[PDB]
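As structure tokens, the structure follows; a few thoughts come after it.
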Amino acid sequence: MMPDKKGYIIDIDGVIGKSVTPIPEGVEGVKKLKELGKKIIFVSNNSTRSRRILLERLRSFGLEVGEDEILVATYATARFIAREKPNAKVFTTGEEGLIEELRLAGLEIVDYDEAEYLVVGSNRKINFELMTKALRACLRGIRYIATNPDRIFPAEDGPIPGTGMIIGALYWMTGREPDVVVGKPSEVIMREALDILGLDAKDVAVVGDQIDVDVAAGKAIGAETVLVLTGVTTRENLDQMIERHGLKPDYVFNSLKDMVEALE
Amino acid sequence: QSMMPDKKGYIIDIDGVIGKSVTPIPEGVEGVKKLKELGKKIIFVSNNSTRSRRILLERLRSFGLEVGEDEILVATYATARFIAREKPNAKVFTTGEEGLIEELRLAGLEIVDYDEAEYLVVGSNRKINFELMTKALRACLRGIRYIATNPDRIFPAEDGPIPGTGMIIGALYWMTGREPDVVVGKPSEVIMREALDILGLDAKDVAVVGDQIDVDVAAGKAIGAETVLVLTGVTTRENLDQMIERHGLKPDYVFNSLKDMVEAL
Ligand SMILES: [Cl-]
Ligand SMILES: [Cl-]
Ligand SMILES: [Cl-]
Ligand SMILES: [Cl-]
Ligand SMILES: [Cl-]
Ligand SMILES: [Cl-]
Ligand SMILES: [Cl-]
Ligand SMILES: [Cl-]
Ligand SMILES: [Mg+2]
Ligand SMILES: [Mg+2]
């Protein structure tokens with residue numbers, strides 16, 4: 001059996017690029033998928049970059065990509081809120097790229113005492129007072145959205161905290177988890193992706209480099225899952241990752257290029 | 001019971017009882033003076049993870065109290081000595097502030113980076129940042145022995161709730177699945193049994209006095225000591241029933257202030 005579908009939900013980091021640098025076989029793979037006429041949407045959990053920046057990044061990899069072909073957690077979070085409550089007042093722990101999207105969606109950036117929504121995103125400049133403000137917003141009982149649940153972001157010099165750090169802190173202090181988690185493996189971003197694709201899950205494959213994020217995301221919407229080995233998961237650690245995370249992908253390929261070549 | 005039975009010793013919380021931050025509570029200060037005149041053994045037990053024993057001694061003396069080193073057991077000191085006893089000169093990595101670092105050094109411990117540490121020591125830090133949390137994460141992931149100064153999730157500061165040391169505990173648990181191996185501060189038995197061992201008294205002869213049901217009353221219950229709640233701090237006459245209900249525990253005695261407890265003997 002081959003992973004031959006009408007549409008593809010494709011993770012960026014570890015599949016198509018690593019930070020600002022392209023993964024050559026990932027790029028080749030996406031180009032050939034596009035040439036075959038498949039519908040593609042890139043889905044990213046990035047909580048600090050705007051849709052604009054990631055579109056520019058993909059184009060710098062040599063890809064032809066339109067606005068509708070990228071769904072990033074910053075944008076998806078802002079949108080989600082704007083649909084619920086146009087011009088909502090939001091207090092955020094997050095960074096400029098998230099703030100950019102919140103503003104583009106018509107939302108008003110305010111302090112915790114004025115907020116209608118608490119929006120948790122990662123912040124490299126997080127500090128004790130921002131955490132105090134988030135704590136108090138939490139205790140006010142206002143609607144609480146998180147951009148993505150990632151506990152640990154796998155970086156080259158080692159693990160660093162993800163948005164999950166703030167989520168964890170707030171849960172421990174108040175007993176409150178987010179009302180809504182947007183990013184993978186949440187169904188929120190995934191179902192929005194299906195919507196944008198205009199396809200049901202049976203006609204979609206979800207492609208990524210993390211079993212706990214991408215494969216779990218596919219499982220959550222009942223789409224077939226493809227794990228590539230160009231990112232976090234390797235030939236060396238594959239069996240251990242399957243064990244650690246408790247899920248097996250439907251397919252494993254060295255890179256996206258190999259997945260596409262399996263369609264011929 | 002409106003009257004207080006005569007205990008040989010007292011474990012007394014500071015914040016909300018004797019002072020609020022650097023400001024004395026006159027009825028608390030007077031209560032301590034009177035207990036000392038009665039010849040009762042006293043130890044102040046504080047969950048403060050940012051201040052050294054040196055600084056809290058100075059603070060109590062600034063309230064006009066005559067207090068010795070052995071009469072204060074603060075979580076910074078208690079944590080450092082707990083570790084040093086287990087492993088003299090242990091290498092430690094900490095998230096804490098200068099006050100904790102001071103006590104760790106005074107106990108003979110070596111402050112090192114996360115990759116060399118034998119213990120992870122979690123204390124609150126008002127200058128907490130992403131780099132420090134990265135370091136803590138990595139120390140935590142190594143599986144090394146992990147001690148927390150105190151478990152307080154929320155610290156009841158004068159101008160509204162602020163995060164406690166439990167913020168960092170919470171973050172690390174969520175990211176790694178690990179809770180501290182040992183929690184030192186109240187309501188943990190660790191600091192409380194050390195207090196009993198400084199007093200040279202069994203719990204049956206000691207009352208534990210504080211302003212928080214979830215910390216001070218819980219602490220006394222954990223060692224089987226009678227509990228006294230004063231109303232000079234977090235708990236008030238107005239919110240008392242709400243606090244019993246929220247925290248799920250009843251103190252043995254309630255007095256408006258430490259002075260009133262002492263007068264009821
Ligand atoms: Cl980035
Ligand atoms: Cl990304
Ligand atoms: Cl392209
Ligand atoms: Cl993240
Ligand atoms: Cl203080
Ligand atoms: Cl204190
Ligand atoms: Cl200090
Ligand atoms: Cl604290
Ligand atoms: Mg990835
Ligand atoms: Mg207190």
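Naming: A, B, ... by sequence-line order, numbering from 1 per chain. Ligands are counted one by one from 1 in listed order, and the atoms in each one are counted from 1 as well. Note: hydrogens, waters and symmetry copies are ignored here, and every other heavy atom, side chains too, is used.
Pairs of residues two or more places apart, or lying in two chains, that qualify as salt bridge (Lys or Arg N to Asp or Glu O under 4.0 Å) and include a residue from residues 13-23 of chain B are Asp13(B)-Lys186(B).
Residues passing the side chain to side chain contact (heavy atoms under 4.5 Å, CB included) test with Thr230(A) are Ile23(A), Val228(A), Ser255(A), sequence neighbours excluded. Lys40(B) is linked by a side chain to side chain donor-acceptor pair (under 3.5 Å) to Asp6(B), counting only residues two or more places apart in sequence or in another chain.
Residues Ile126(A) and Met165(A) are in side-chain contact: their nearest non-hydrogen atoms beyond the backbone lie under 4.5 Å apart. Using a 4.5 Å cut-off on side-chain heavy atoms (C-beta onward), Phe130(B) and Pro161(A) make contact.
Taking a cut-off of 2.8 Å, the protein N, O or S atoms nearer than that to the Mg ion (ligand 10) are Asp13(B) OD2, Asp15(B) O, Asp211(B) OD1.
The shortest heavy-atom contact between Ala193(A) and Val43(A) is CB-CG2, 3.9 Å.
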